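A lone chain, given as structure tokens: the form deposited in one PDB entry.
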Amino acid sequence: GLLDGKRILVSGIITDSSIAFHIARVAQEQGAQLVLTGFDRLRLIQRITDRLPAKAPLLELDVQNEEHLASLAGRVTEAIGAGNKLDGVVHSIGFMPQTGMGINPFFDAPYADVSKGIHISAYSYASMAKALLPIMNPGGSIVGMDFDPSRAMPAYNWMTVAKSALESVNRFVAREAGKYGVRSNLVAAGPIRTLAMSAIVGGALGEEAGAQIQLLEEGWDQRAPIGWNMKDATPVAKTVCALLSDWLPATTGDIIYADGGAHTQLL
């Protein structure tokens, strides 16, 4: 297995459509022993994670809760066993209130909402690394999920800004992680039809917003030299596992694009 014997924490499962669910599934397929973290709907997440190939401890983690972060390393160690450390960490956490993303005008997002989104989507990458680097092994890997924010685009609005901030945070986390012999990287994924995305295409945010996302997806598959299937999360999960493995050992502070090559093509 690509990740045989590795202990990997995976955050961000809320449904079986979560990118984190597929990351977890592929990692287990490849021999990893997981610890999972979830937020808020733990009963729901327990039932979901029971559908993974293998058993894994589930720990509560609200990244805005300072006490959860302060206790996380101790709680992980209790879950994986004293004398064991993590080899991998997956951050698959993002949030921006609908005032900052969707149909609301860019200028009408109140800062308190933007600030909450940046806390969860960008700052928390640093706070999770702070909590977990003390219990990570040399050769380990931290991976976060990104959406290429180098150009502006309709609807994504302040979530784009949060991803820009995340990319910056990743480069600083790499500095810290390197002291432990750990890599930090992001995977910038193409669009994936989560339940939220399928609701928007179906008209949840109105006719315009539905047309804009359809146009995004059509164009994405068009530009990608190898195509892009927004219904298939597996290529993204595999890429995360590649970064968690020993096969990209000289890559850190970086961004790997799992997007069909769309970002390399203008039209």
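Only residues modelled in both forms are compared. Think of the rigid core as the biggest set of C-alphas that the two forms share within 1.5 Å after superposition. Numbers follow the displayed sequence, beginning with 1.
Missing here is the form deposited in another entry; even so, the following discussion is about that form.
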Point to revise | Rigid-core fit between this form and the one not shown, the member of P53, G227, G31, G202 whose C-alpha shifts 2 angstroms or more | key: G202
Exercise for review: Have a look at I200 and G100: in that other deposited form, are their Cα atoms closer together or farther apart than in this form, given the change is 3 Å or more?
Suggested key: closer
Practice item. Using the form shown as baseline, tell whether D108 and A204 are closer or farther in Cα-Cα distance in that other deposited form, where the change reaches 3 Å or more. Key: closer
Check your understanding: Hey, quick one: aligning on the core, which runs of at least three residues have all their CA atoms off by 2 angstroms or more between this form and the one not shown?
Key -> 195 to 210
